[PDB]
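I have placed the structure first, in the form of structure tokens, so that the comments after it can refer back to it.
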Amino acid sequence: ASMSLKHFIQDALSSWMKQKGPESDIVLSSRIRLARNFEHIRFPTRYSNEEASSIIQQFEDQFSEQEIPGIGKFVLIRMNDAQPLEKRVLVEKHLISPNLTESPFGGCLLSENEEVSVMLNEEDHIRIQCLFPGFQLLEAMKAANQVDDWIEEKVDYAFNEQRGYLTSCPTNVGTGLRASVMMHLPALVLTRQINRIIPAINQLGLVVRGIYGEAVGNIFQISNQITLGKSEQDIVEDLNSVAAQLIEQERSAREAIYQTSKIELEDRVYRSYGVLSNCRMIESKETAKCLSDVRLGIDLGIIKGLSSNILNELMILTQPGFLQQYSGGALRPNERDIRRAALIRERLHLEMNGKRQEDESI
Amino acid sequence: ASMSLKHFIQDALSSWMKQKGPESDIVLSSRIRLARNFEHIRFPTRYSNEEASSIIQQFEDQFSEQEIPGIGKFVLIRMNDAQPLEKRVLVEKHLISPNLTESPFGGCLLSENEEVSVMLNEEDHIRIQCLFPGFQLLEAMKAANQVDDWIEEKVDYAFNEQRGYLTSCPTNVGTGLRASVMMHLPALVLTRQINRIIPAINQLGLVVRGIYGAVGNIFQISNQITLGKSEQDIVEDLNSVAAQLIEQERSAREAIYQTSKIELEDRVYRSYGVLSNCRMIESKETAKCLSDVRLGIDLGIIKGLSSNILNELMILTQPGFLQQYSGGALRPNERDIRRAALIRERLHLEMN
Ligand SMILES: [Mg+2]
Ligand SMILES: [Mg+2]
């Protein structure tokens, strides 16, 4: 574990991702992803070990320890220098894909603030990821373009004038651009409306998946599925428009259940807080259920004195990889449920004692 | 059937019972019952045919065709002069009990407006019943005492100084009084509260039963314990509990209207859709649907339909009345076809 690997696996929620983005009650994050390949180098499907090593080596040489103004310094993490639990944490923080952990010459060039993650030797040689809190696809696209320009200064992209950027996936040819949004939709699930919505979203060339990428914790990721022939601007508007609708529909449904079944909803969310604050065993499944309830309670003003950032942190912190990393070494499922309960209840008791004791001074 | 029998079985809802009584959205009727026996005559349990027969002859001789000022003329109906479906209609109109239909010398002295029904030779020699629309136990008690005095002018009641009126059932001894209200409680049923309410009412010396003895969300609440209680205590025990149920059912009604407005409009209008368009319908579904539509009228969701029309259908679609109205016995399947047609026509009639 290098000092920079420790830096990226240490915190479940980066300071970058703790910032308040627009519509952050419904949209947790926005992701922009640009795929490219080296000109004259065979796509990862048919390239040699030597080729893959050169891609990583060229990045360590020209981009490691280098900087972009306004984004910060970039550090290169090689998958081969990371223990299995270290790699899982990077997955659970949404910094790398699961498939990157299986790539023998996989690596990722990460900005120190964790806003930019350039995956190397995944499905394409280069996958630039920009991750913003809340709803900011245009802002994420700008950062993506800065990193893209930065890399193209020293890398010649597989490009042709009639097809655009050449990618391994034939559908991906063109912009290499994929946009996804992470959304918390507890009211649309609760009111039994989401299963009549998802089929409509899939009609618009988008795809809906759970947090992993079933929808535990009522968290849904909506991303571009069809991009062949679309411009960058069309790709981002196709997702933006659907997300903005979902923001409105999820808000209306929250206001609806709050107005019609106020006490039942308070009972639901405080009972879930009750579980999190007193349980001695809890699985990931139930944790996700309860965290969703409490987050809905916070958003509606029912659950008081608890910030949403604590909940975002626990959603990552209670994942099985991160929980084992944080506890030091692998753990049986039963042991995890005991450690998870202790971590959640202690983190929660801590947040209500700060809120008790700093509020008391005033 | 005699001209007086035909009169009492012709209409499902008497003009008397169409009057708007107090709290009539929740309380359909109030009933007062005074039981008495002839002095020197054995209780129906051990009385002889000659004895039983004398009791009804005396009522024919002194009360048949006689009148009470402010109530109207009375007429005697003998159970042995009535066909079984005719007897069934009277049970379904709540004028007599089922046990009276099996009593060979049973009879009932009925006021022509159907406000008073004096059963003869049932569980006691005399059972004075007064039935009022809505929630008016006290007015029913006044009318009951008026009928009681009238009979006592010519009948010596079996009475003792330590015990009160002597009745066959030893726990009715004393006043011979039993009070009842028939209540429509759909919201407390929908909101799954009635089962936590009924056990509590049963604790207060009351009993809760179905429509004739809980289809259609209709509950009959009666005095269960009367021994040692005064008349005043018997009537107030039921009145206060009933008055609480009125408020609790009204609060639950307003509550669900506010919590699930369109779902409630959907439920009651779909039940109206069934009633106005079905070609087959059983007693069970009819009562289910009439309850929904009645709730809709009460909350203002369903307009242009009077609750009196619904009360009439609730009786009119009963299996006995349906067969009487159709002129003869009916297979259950045939009843379901004629019931649907009957409901459909009354409803189409009222919406023009
Ligand atoms: Mg570019
Ligand atoms: Mg008297």
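In what follows, every chain begins at residue 1, and chains take the letters A, B, ... in the order their sequences are listed. Atoms within each ligand, like the ligands themselves, are counted from 1 in listed order.
If you check the side chains of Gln62(B) and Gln58(B), you find a donor sitting under 3.5 Å from an acceptor. No side-chain donor-acceptor contact under 3.5 Å links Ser97(A) and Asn99(A).
Ordered by chain and number, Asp148(A) OD2 make up the set of protein N, O or S atoms under 2.8 Å of the Mg ion (ligand 1).
Within the 4.5 Å cutoff, the side chain of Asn37(B) has heavy atoms near those of the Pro44(B) side chain.
The side chain to side chain donor-acceptor pair (under 3.5 Å) analysis of residues 155-182 of chain A, with sequence neighbours excluded, yields the pairs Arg31(A)-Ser180(A), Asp148(A)-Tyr157(A), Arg178(A)-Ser223(A). Among residues at least two apart or in separate chains, salt bridge (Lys or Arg N to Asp or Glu O under 4.0 Å) pairs with a member in residues 99-122 of chain B are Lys73(B)-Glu112(B), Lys93(B)-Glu114(B), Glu122(B)-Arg127(B).
Every residue two or more places apart in sequence or in another chain was checked for a ring pair (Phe, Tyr, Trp, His ring centres under 6.0 Å) with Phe8(A), and none qualifies.
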